[PDB]
Each structure stands twice: as C-alpha cells, then as structure tokens.
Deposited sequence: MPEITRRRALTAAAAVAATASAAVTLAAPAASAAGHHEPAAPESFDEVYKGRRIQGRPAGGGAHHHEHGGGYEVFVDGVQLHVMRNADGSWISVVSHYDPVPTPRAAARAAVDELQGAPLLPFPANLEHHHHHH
C-alpha cells in the first residue's frame, strides 16, 4: 500500500512522487522531471540511488535528500 503522491519545489527544484538493470518500483520519484531511482526497505524506510546507505522515512524525504546531494546538478536518467 503505497505512499501518497507529492509535488513541491524544494531548494529551487521540482520534486514529484507518485505510486506506480534496476528493481521493481511501486513508486516513482522525479527531480526536475528526471526519474530518480528509489527503493523501499522492509521497515518502511526509503533510499535512492544517490543516497543508498542512509534510509529516510518517506519518498519525499528521499527526493529532498537527493536534491541536497546534487548541489544543483542535473540528474542523469537510470
């Protein structure tokens, strides 16, 4: 049972999330329109491929962590 969708501007960038060589994602996240691979762990936390070792509670938190990691840089698609 997937998290709610979201859409906001965070540190100047548009982050979006929605229920839906990589895994089976039941949830999609985008940073300025580029898909960010994210994953849910057994305990309900989330990670993304630009912060894979640091679980955060929600997909929005994972999108925000990716924006923080990117420091303005465009995301490349997976």
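> Counting from 1 along the deposited sequence, which stretches were left out of the model?
Unobserved in coordinates, per deposited numbering: 1-39, 60-65, 124-134.
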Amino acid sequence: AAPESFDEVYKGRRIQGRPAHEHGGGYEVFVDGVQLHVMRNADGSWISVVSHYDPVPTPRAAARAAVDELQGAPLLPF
From here on, numbers count along this sequence of modelled residues.
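> Is it the case that, in at least a third of the other entries compared (those modelling both flanking residues), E22 has no coordinates?
Across the compared entries, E22 is left out in at least a third.
> I need to verify one thing: averaged over C-alpha atoms only, is the B-factor higher for 43-51 or for 22-30?
Here the higher of the two C-alpha B-factor means belongs to 22-30.
> On average, which has the higher Cα B-factor in the deposited entry, 58-66 or 6-14?
The deposited B-factors put 6-14 ahead on the C-alpha mean.
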